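Trainee: an experimental structure, sequence included, is below.
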Protein chains: 4
Amino acid sequence: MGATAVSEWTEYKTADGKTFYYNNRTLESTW
Amino acid sequence: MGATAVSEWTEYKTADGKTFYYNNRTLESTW
Amino acid sequence: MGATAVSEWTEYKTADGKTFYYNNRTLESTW
Amino acid sequence: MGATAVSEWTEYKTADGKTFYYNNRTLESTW
C-alpha cells in the first residue's frame, strides 16, 4: 500500500467545440 | 518510495470538434 | 526506488476535425 | 522491491487531417 497522485496539465482549446474527448483518472493509494 | 504518480502534460489545439481524443490513466500504489 | 512513475510531454496542434488519438497509460505496483 | 519509470514527448502538427495514434504503454514495476 503506497501514496498516490494524479496531476494532469490539460490545456485543450477547440475553436468550435463539437468535441469528442474522453478523460479518466483511476487513482488508488490501495484502500 | 512506495508510491505511484502520473505527470502528464498536454497542450492540445484543434479548430473543429469532429476530431477524436481518448485518455485512460491508471496508477496504483502497492509496494 | 520502489513502485512506479510516468511522464508525458504532449503538443498536439492539428486544426482540422479529423485527428484520432487514443492514450492508455498504466503504472502498476502490486501486492 | 522493484521500480520502473516511463516517459515520452509527443509532437504532432498534421497539415491535412490524417493521423491515427493509439498509444498504450504500461509499466510493470513489481509483478
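Mentor: Thanks, I have it. Residues are numbered from 1 along each chain as shown, chains lettered A, B, ... in the order given.

Trainee: beta partners for the residue lying closest to residue A:21 once chain neighbours are set aside?
Mentor: Distances taken as C-beta to C-beta, 6 or more residues apart in numbering or on different chains place residue B:21 nearest to residue A:21, at 4.7 Å, with adjacent residues excluded. All C-beta spots, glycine's among them, are computed from the backbone N, C-alpha and C. As for beta bridges, residue B:21 partners with residue A:21, residue C:21 under DSSP bridges.

Trainee: residues in contact with residue B:21?
Mentor: With contact set as C-beta atoms under 8 Å, 6 or more residues apart in numbering or on different chains, residue B:21 has these partners: A:12, A:19, A:20, A:21, A:22, B:12, C:12, C:19, C:21.

Trainee: give me the buried subset of those residues.
Mentor: Listed as buried from the contacts of residue B:21 are A:21, B:12, C:12, C:19, C:21; burial here means 16 or more other C-beta atoms under 10 Å in any protein chain shown.

Trainee: if we can go back for a sec, closest one of the contacts of residue B:21 to residue A:3?
Mentor: Closest approach to residue A:3 among these (C-beta to C-beta): residue A:22, at 27.0 Å.

Trainee: fine, thanks again, bye for now.
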